[PDB]
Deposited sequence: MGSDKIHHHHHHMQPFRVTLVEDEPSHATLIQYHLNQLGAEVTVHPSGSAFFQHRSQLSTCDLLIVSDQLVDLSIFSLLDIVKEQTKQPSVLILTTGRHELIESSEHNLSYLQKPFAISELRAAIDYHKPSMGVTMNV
């Protein structure tokens, strides 16, 4: 099976860097350059295995974003790229990675959310 990853990130240089490593770890990646891009494709999260989202999209809060994910009938694992330092959820699928991060951490993270 494929490892479908959706990347929602609005700094294009962090997005392209993350996308490069996703492709080296063997992901089929969908990149949404904004929160509005993500919203208009809400529906395709039922086929996503891992959602990597920034904590600080200029046009959608992580809270709204996470509540939109919660409306879907199949929810992915979520990896939240953060600065500050942890959102209280009772779905158990939020993991976090703090920027600035080492590339090794990014890749361990992504690999620990692969199948099977």
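No C-alpha coordinates anywhere in a stretch? Then put that deposited-sequence range on the list, in order along the chain.
Gaps in the modelled chain, taken against the deposited sequence, lie at 1-13, 99-100, 132-138.
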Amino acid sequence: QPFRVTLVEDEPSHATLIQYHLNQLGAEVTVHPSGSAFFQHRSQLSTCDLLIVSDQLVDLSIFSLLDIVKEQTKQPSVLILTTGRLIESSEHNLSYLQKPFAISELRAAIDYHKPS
From here on, numbers count along this sequence of modelled residues.
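Tell me which of 55-63 and 87-95 has the higher mean C-alpha B-factor in the deposited entry.
Averaged over C-alpha atoms, the B-factors run higher in 87-95.
Chain-wide C-alpha B factor ranking for residue 48, given as lowest, middle or highest third
It belongs to the highest third of the chain when residues are ordered by C-alpha B-factor.
How does the C-alpha B factor of residue 16 compare with the rest of the chain: lowest, middle or highest third?
Ranked within chain, residue 16 CA B lands in the lowest tercile.
Compare the C-alpha B factor of residue 82 with those of the other modelled residues in its chain, then answer lowest, middle or highest third.
Highest third.
Thinking about Cα B factors across the chain, which third does residue 34 belong to?
Its C-alpha B-factor belongs to the middle third of this chain's values.
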